[PDB]
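Novice:
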Amino acid sequence: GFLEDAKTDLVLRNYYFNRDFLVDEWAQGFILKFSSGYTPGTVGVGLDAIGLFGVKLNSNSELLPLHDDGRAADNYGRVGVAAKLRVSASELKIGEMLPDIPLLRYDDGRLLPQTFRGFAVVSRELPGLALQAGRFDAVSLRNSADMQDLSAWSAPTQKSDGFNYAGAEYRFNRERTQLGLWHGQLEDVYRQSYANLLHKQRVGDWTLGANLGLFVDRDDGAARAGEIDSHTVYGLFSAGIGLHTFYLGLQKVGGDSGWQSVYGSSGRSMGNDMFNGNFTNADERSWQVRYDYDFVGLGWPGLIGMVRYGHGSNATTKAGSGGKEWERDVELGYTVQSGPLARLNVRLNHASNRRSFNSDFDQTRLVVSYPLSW
Ligand SMILES: COc1cc(C(=O)[O-])ccc1O
Ligand SMILES: COc1cc(C(=O)[O-])ccc1O
Numbered sequence: 004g005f006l007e008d009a010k011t012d013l014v015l016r017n018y019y020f021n022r023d024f033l034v035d036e037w038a039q040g041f042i043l044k045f046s047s048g049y050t051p052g053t054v055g056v057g058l059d060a061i062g063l064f065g066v067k068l069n070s076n077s078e079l080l081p082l083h084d085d086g087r088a089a090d091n092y093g094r095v096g097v098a099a100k101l102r103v104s105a106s107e108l109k110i111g112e113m114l115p116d117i118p119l120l121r122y123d124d125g126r127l128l129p130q131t132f133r134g135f136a137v138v139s140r141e142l143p144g145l146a147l148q149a150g151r152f153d154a155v156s157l158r159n160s161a162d163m164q165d166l167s168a169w170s171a172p173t174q175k176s177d178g179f180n181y182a183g184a185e186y187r188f189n190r191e192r193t194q195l196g197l198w199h200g201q202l203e204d205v206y207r208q209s210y211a212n213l214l215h216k217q218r219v220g221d222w223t224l225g226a227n228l229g230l231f232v233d234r235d236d237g238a239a240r241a242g243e244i245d246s247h248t249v250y251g252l253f254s255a256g257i258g259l260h261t262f263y264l265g266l267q268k269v270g271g272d273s274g275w276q277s278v279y280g281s282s283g284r285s286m287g288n289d290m291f292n293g294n295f296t297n298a299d300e301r302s303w304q305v306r307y308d309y310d311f312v313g314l315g316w317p318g319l320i321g322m323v324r325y326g327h328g329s330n331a332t333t334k335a336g337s338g339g340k341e342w343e344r345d346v347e348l349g350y351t352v353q354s355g356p357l358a359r360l361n362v363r364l365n366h367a368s369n370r371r372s373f374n375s376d377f378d379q380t381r382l383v384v385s386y387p388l389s390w
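Residues 4 to 24, 33 to 70, 76 to 390, numbered by the deposited numbering, are exactly what the sequence shown covers, in order.
What follows is the structure in structure tokens.
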């Protein structure tokens, strides 16, 4: 039922951000999600809403929008609604939403999430197979209260009438393997095709995983961001045992151009994605090593750590070719497991970025999040 199965989730997010090239930002966010149930019947009808509000505290960062003078706003926010309609094992949503698909990953790396306006269909009528398609015609950046036309990261000022997509994922092999094929079009800017293989296999105490991906990009229509021809391949491999996980990522961009994506979106579909980049400059070859540990092994349940290092070379940028870069990320995340503060999450992380072709910097973040649900 519409009211029966309705859930309300509120996240309080206190976010401290520092980048030393020392510049600083501190802010408080509120993210309110109201998700109804569905009316009973052949066509079920529902409504989702999202409320976003951020407040500047005394002190990228992209935590808050900037005034024209370059001064961060005191506060910002917006409210979005989406209607939902369900039939059998298929759903259509229309309005404002948070798309999380391989060709369009909504960003939530700062204070409030990026949202999009459009429609999205997910259909699971045949066992193991999920079909998706949709179109988004406006976007609100993570650091903006407003909606604007979409554009590509490679030319953020060149606007498009919208982003269309369709894709399929098939999961099989006792749920261990998944294949994905996706096609997207940012109208008059670029078209992108993507294939993905996910696989996991247990060898004794080890869990071995692979995430292989291939993107192929070209300009579309009027080609407002210029001519584009790119392909990007990555393989991200994991080996887990007990409380430990090890990763090796390998990636290469080829062709005339870098890898394409929608401006403001997250780079997290890419194998070597890290906090401050994903090594997708034209021609760039990169590798990554990563280690994760679950500190329950030291009597600290709820504490998890990650360290990762990535290096890229052969990078072509406007300035020149043969560019090199590296990033090192470290994170400790703690989630309170029990007591009055249960579910409270504290994440502390640090990134160091060095680039032969751009500015070097270190970055420190502390994010304290508390979820309430009723
Ligand atoms: C628009 O409101 C919502 C959107 C979403 C989303 O798209 O995932 C989730 C919960 C919401 O309350
Ligand atoms: C000269 O600047 C850099 C060089 C390298 C390298 O040689 O691996 C890496 C990152 C850099 O920022």
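The C-beta atom is built at its ideal place from N, Cα and C for all residues, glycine as well.
1. So does residue 46 have its beta carbon nearer than 6 angstroms to some heavy atom of ligand 1?
2. Can you find the residues in the same chain that come closer than 7 angstroms, C-beta to C-beta, to residue 156, ignoring five residues on each side of it along the sequence?
3. Which of the three DSSP states, helix, strand or coil, is assigned to residue 150?
4. Between the Cα of residue 231 and the Cα atoms of 222, 61, 198, 140, which residue gives the shortest distance?
5. Relative to the C-alpha of residue 366, which candidate in 341, 292, 99 has its C-alpha closest?
6. What residue range is occupied by the uninterrupted beta strand (DSSP E) comprising residue 274?
7. Can you find the residues in the same chain that come closer than 6 angstroms, C-beta to C-beta, to residue 376, ignoring five residues on each side of it along the sequence?
8. Nearest-angstrom Cα distance between residue 212 and residue 248?
9. Are the beta-carbon atoms of residue 121 and residue 379 separated by less than 7 angstroms?
10. Please go through the same chain and pick out, in chain order, the residues whose beta-carbon is closer than 6 angstroms to the beta-carbon of residue 339, but skip the five residues on each side of it.
11. Is residue 175 close to ligand 2? I mean its beta-carbon at under 6 angstroms from any heavy atom of the ligand.
12. Note down the Cα distance separating residue 220 from residue 263, rounded to an integer number of angstroms.
13. Taking 6 angstroms as the cut-off, does the CB of residue 340 come closer than this to any heavy atom belonging to ligand 2?
14. Cβ of residue 96 versus every heavy atom of ligand 1: is any distance shorter than 6 angstroms?
15. Are the stretch 38 to 53 and the stretch 9 to 16 touching by the rule of at least three beta carbon pairs closer than 8 angstroms?
16. Give me whichever residues DSSP pairs with residue 253 in a beta bridge.
17. Comparing C-alpha positions only, which one of 242, 185, 217 sits nearest to residue 203?
18. For the beta strand (DSSP E) holding residue 217, just list the boundary residues, first then last.
19. Indicate, with yes or no, if ligand 1 has a heavy atom lying under 6 angstroms from the CB of residue 123.
Specialist: Based on what the coordinates show:
1. yes
2. 94, 130, 131, 162, 163
3. Look at residue 150 here: in three-state DSSP terms it is strand.
4. It is 198 whose Cα lies nearest to the Cα of residue 231.
5. 292
6. Annotation for residue 274: no beta strand (DSSP E) segment contains it, and DSSP assigns it neither H nor E.
7. 370
8. 12 angstroms
9. no
10. 331, 333, 372, 373
11. Residue 175 Cβ: outside cutoff for every heavy atom of ligand 2.
12. 18 angstroms
13. At least one heavy atom of ligand 2 sits closer than 6 angstroms to the Cβ of residue 340.
14. yes
15. yes
16. 226, 264
17. 242
18. 206 to 219
19. No, the beta carbon of residue 123 sits no closer than 6 angstroms to any heavy atom of ligand 1.
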